[PDB]
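Just one chain follows, in the form deposited in one PDB entry, and it is written as structure tokens.
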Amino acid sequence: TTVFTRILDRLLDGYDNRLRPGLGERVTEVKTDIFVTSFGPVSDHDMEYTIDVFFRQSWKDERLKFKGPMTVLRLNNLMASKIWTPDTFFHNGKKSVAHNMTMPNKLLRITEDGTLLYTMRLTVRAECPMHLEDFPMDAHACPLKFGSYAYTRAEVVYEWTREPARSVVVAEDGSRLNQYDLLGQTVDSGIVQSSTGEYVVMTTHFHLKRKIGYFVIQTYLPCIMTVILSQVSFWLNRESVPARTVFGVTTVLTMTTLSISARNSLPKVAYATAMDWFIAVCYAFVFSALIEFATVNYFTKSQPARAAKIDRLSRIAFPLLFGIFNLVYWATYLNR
């Protein structure tokens, strides 16, 4: 055991951790990969998402070469606080956590050639600016950007450990999503520029699509049923005025309550979503049925022929128009 103590004492003898490996000689290359252990909840209200990752970095430092009985030293993470490590940060991160139970969740491994593998376990809350014009049939690309904080592109660059498509790997049972599906991810690297210089940035877009079954069972089917119930009033006999008044008032009030309920759970955006348009059209159809009934009742004694003609025309007009609208709406929003 004392051999390894002597090796470690020699490695840190005259070592300056303020200086990046290669300062003034060549650019430091860091290879990164991510293992998403759980893709956490996505919040529309805060336009953010949480993610839990194993974040892995690997670089080369020629001051840490050694020759001994073991080819790789798998050291305690304490050693990682005595050498130089990258200052990687997440550009759109909001408030991340570096887990400290029961010990700092970090690992450091040194190879005899001077290659260091440094891994940590993080929870990151990141900004995902969402456009909700297609709610609830919308899709989002939530981005995760990271890079060096202090060292510019002429000092530190970042690469992916392997092919970029396979350098961000998602765990099989790592879905904490209730109203979204994780379709996949795309991986890219680029250059950002700020007042302090040009930096390398590594980006991952996770593509999400919102589940729709809840809204189908809570809003769309009740609204369709309400519109149908209003439109089957044209078959009531014109003499039974009280029955048709009750039917029209019933459908109007039902649509009102459903619309008010649906507005309550809508995200607080400053424009119209798809569900708003559907609800508005259903309300227009229901009120149109009521107004048609009023007009028909107006000509009941004056011109019975006119009222009969209006009823007969409406009986085929209203279902046809509602079907055309439904076909156009669903073909527009379920195909994009």
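From 1 onward, residues are counted along the sequence shown. Take the two forms, superpose them, and find the largest set of C-alpha atoms that agree within 1.5 Å; that set is the rigid core.
From this point on, the text means the form deposited in another entry, which you will not see here.
- With the rigid core aligned between the shown form and the other one, the listed residues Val252, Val192, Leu177, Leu122 include just one Cα displaced by at least 2 Å, namely that of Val252.
- The rigid-core alignment places the CA of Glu292 2 Å or more apart between the shown form and the other one.
- Once both forms are fitted on their core, a CA shift of 2 Å or more is seen for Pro267 between the shown form and the other one.
- Once the rigid core is used as the reference frame, the Cα position of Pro164 differs between the shown form and the other one by less than 2 Å.
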